[PDB]
Ligand SMILES: [Mg+2]
Ligand SMILES: [Mg+2]
């Protein structure tokens, strides 16, 4: 029986040139697993030494993995995810994971699962999903325009496979780029890729729809729009000053005027009464995704569900801090007819965990960025590999991704 | 002794959302290796595309993928993956073209690299150890980091920092990241453009080419490093792009070879420029001769497009006293073996060697292991944002931490033009 014989972390850089950590968990069988961590929610631990990386170092977090965390886990069976995650959550001691750092905990949480997977000669998605499953290729939501709303996205719902979904997106991305250049508009990319041109949020959807049709896809069927209002950042809502109801009104408008299939954080995370009506109104017309309002926290999601808030949840591993807790959120969401979107973070790494995770959980949806930057594209390539490995038994979710 | 029992390629996406290939080589031991192929943006080996206008705008690589899975796989079944030269020779012979235009340099390179990884993994060694051998010698290369892009206002293509003065690669990386963040902060505070180009560099609008280096110098100082000591500058002029017979489109003007040389010279005296890449066109050998005569002792003169990682062309360059360093791009020539010959010829002739990425990259980190294994001492692998780039730096971090003392950071010893 393989047991954990060593855990080691070191400091690496994320896709925004900010430090993060990478963890390797080594087993007695000599098999090992590696994982890196992407960039209210659980507390990531930074060094705040202003003479080093502008205070964003993660040396202390690395110390916690290599010392305290390591000692408390030596000898453990890596297959016992829940218990290992329990030992760490207890060791931290805080609701926050503020002592050891959510980044330190998650790094090892993930590396342990990779270790167990590798020891059994299984790809992560297989180790997590069963033998078993069921598996499905998730529908990707692709951040194409940014915001002088935070994200304007395309969603290749109508593709027959993930490989085709990917191609649909790439061809729209290229079509859009050619337009921006022709209009003398900005065509360089932000953190997740994606262009940041524009006079009035609306005109963003206009460019996109042009792009979709330029590439010979139908905005009704082949490809939809999605958006991330990130309204928490606009809150008693900032081009004008709108009340919650006037905010909902516009959302309702756009949903009618455009093929919007999903809306993220339409209202503020501090506006639960607003979310109630928004949901009441559109819960059957569009996907209403809670991000900041839920922060991948199962207790908060539970309260959201009881109180009729949203109809989908954005799942961010490092917002909660452990694999076990993340799977609980996913399971709770699925139990209650809520959509599940496995999500990247702004500061990503070459780590492709969310790809396997979306497949193994049959989440059916993934948000992992625009179509340039390997911080994003590596995730799509991993999904290419998985689809080609599972073939027929990982059908592309398509329309079936959306439950509303 | 394990032999190749399978080769399989498939079509993935590169960091610019264009298709490329990834290849897995499987051995009888059940060990396997994988590699992916990058893509750039004249004499270089032929990257094979599909040209099917209704698919990825004609940029598919299904044919290259088929070439790997069919004829290449057939030719290589039962070969010992450790025999890299023979394996590359077989593919070169099978293609039968000077250009690799038949099978595709992308199909050939993908297999060539995956074979190396398979052998490495069979021996249970990291690639840098497999390639460099047990004893090495190893070194951590000095990175040149493209921080401001051009060629959107700016004529020159790449304005880079080079942290020659750091004590370790880990510190070199920190130096660069802090200058990168200092620069971004300046651009933002001044309402200038903060979005990035292909390699993750800022692409602001500036009154003139120089202003890019002036901004970079400010940023180096904001981060409290000393220009010309801790951190130097390097330039990719990519002048082949500015060359229309028989002058160079510089600052809304039209320069002779010697005027361009004079400009490059001014910059060398005014700023701590340690390296200039493609200062003149690949079709201006006469100019290169003069450029080299004048600056070869004062600055590194990197040939990129003029040599295209081709040992036969570098030899010609050497005989004609052209340049004093070569930019090494695997996929410009097409096999690991021919790439290593170029590196070897460069070293035997005291040319600098810079292992390089392409504009279109993948999560593949081969060039990191390659630069350490060949004791190249220099690497050019992009700005400090975008994992297509940062993944290479992180790989260098892993390697330094594994070698710890057997891989000293090259620092000043990377530059031998003196
Ligand atoms: Mg969000
Ligand atoms: Mg160049």
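Protein chains in written order, with UniProt numbering: chain A, 2 to 40, 47 to 154, 161, 164 to 212, 214 to 251, 254, 256 to 257, 260 to 425; chain B, 2 to 42, 46 to 155, 160 to 426.
The beta carbon of each residue, even a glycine, is placed where N, CA and C say it ideally should be.
Presumed contact (8 Å Cβ cut-off) between residue i and residue j, rounded CB distance
i: residue 425(B); j: residue 329(B); result: Incorrect: roughly 13 Å between the Cβ atoms, too far for contact.
i: residue 28(B); j: residue 111(B); result: Between residue 111(B) and residue 28(B) the Cβ distance is about 20 Å, and since that is not below 8 Å, they are no contact.
i: residue 172(B); j: residue 279(B); result: Not really, about 14 Å apart at Cβ, beyond 8 Å.
i: residue 54(A); j: residue 62(A); result: 7 Å
i: residue 398(B); j: residue 362(B); result: Not really, about 19 Å apart at Cβ, beyond 8 Å.
i: residue 64(A); j: residue 120(A); result: Their Cβ separation, rounded to whole angstroms, is 26 Å, which puts residue 64(A) and residue 120(A) out of contact at 8 Å.
i: residue 156(B); j: residue 9(B); result: Absent here is residue 156(B), because the residues of chain B run from 155 on to 160 with nothing modelled in between.
i: residue 312(A); j: residue 285(A); result: 5 Å
i: residue 317(A); j: residue 347(A); result: 6 Å
i: residue 143(B); j: residue 385(B); result: 6 Å
i: residue 344(A); j: residue 117(A); result: 6 Å
i: residue 39(A); j: residue 305(A); result: With a Cβ gap of about 33 Å, residue 39(A) and residue 305(A) do not count as contacting.
i: residue 247(A); j: residue 208(A); result: 23 Å between Cβ atoms; not a contact.
Opening and closing residue of the alpha helix (DSSP H) in which residue i lies
i: residue 30(A); result: Segment: none, residue 30(A) is in no alpha helix (DSSP H) and carries neither H nor E.
i: residue 398(B); result: 395-411
i: residue 201(B); result: Unbroken run through residue 201(B): none, as it is neither H nor E.
i: residue 220(A); result: 218-230
i: residue 302(B); result: 293-303
i: residue 350(A); result: 344-356
i: residue 380(B); result: 374-381
i: residue 327(A); result: 319-327
i: residue 340(A); result: 338-341
i: residue 272(B); result: 265-278
Residue i at chain A interface by Cβ criterion, 9 Å
i: residue 1(B); result: The shown model of chain B, from 2 to 426, leaves out residue 1(B), and the question about it has no answer.
Start-to-end residues for the beta strand (DSSP E) that takes in residue i
i: residue 363(A); result: 360-364
i: residue 285(B); result: 281-285
i: residue 13(B); result: 5-14
i: residue 244(B); result: 240-244
i: residue 388(A); result: 386-388
i: residue 311(A); result: 308-311
Any chain B beta carbon closer than 9 Å to residue i
i: residue 406(A); result: yes
i: residue 254(A); result: no
i: residue 320(A); result: no
i: residue 206(A); result: yes
i: residue 93(A); result: no
i: residue 1(A); result: The displayed coordinates of chain A run from 2 to 425. Any statement about residue 1(A) would go beyond what the structure contains.
Chain D contact residues for residue i, given Cβ-Cβ distances below 8 Å
i: residue 211(B); result: Protein chains in the displayed structure are A and B, and chain D is not among them.
Alpha helix (DSSP H) runs wholly inside the region 117-152 of chain A, at least 4 long, in chain order: Listed in chain order, they are 131-136.
Selection of the region 362-376 of chain B by Cβ proximity to chain A, strictly under 8 Å: Taking 8 Å as the Cβ-Cβ cut-off against chain A, the residues of the region 362-376 of chain B that qualify are 369, 370, 371.
Contact residues within the region 13-30 of chain A, judged by C-beta distance below 9 Å to chain B: For the region 13-30 of chain A, the residues whose beta carbon sits under 9 Å from a beta carbon of chain B are, in order, 13, 14, 15, 16, 17, 18, 19, 20, 23.
Where the region 386-410 of chain B meets chain A: residues whose CB sits under 7 Å from a CB there: If the cut-off is 7 Å between Cβ atoms, the region 386-410 of chain B has 392, 393, 394, 395, 396, 398, 399, 401, 402, 405, 409 near chain A.
Residues of the region 233-250 of chain B whose Cβ lies closer than 9 Å to any Cβ of chain A, in chain order: For the region 233-250 of chain B, the set of positions with a beta-carbon nearer than 9 Å to some beta-carbon of chain A is empty.
Contact set between the region 183-199 of chain B and chain A, restricted to residues whose Cβ is under 7 Å from the partner: Going along the region 183-199 of chain B in chain order, one finds 185, 186, 188, 189 with a Cβ nearer than 7 Å to chain A.
Under 8 Å (Cβ pairs) to chain B, residues found in the region 48-80 of chain A: Taken in chain order, the members of the region 48-80 of chain A whose beta-carbon sits within less than 8 Å of a beta-carbon on chain B are 59, 60, 61.
Entirely enclosed alpha helix (DSSP H) segments - the region 53-97 of chain A, minimum 4 residues: Taken in chain order, the complete alpha helix (DSSP H) segments of 4 residues or longer contained in the region 53-97 of chain A are 66-71, 77-80.
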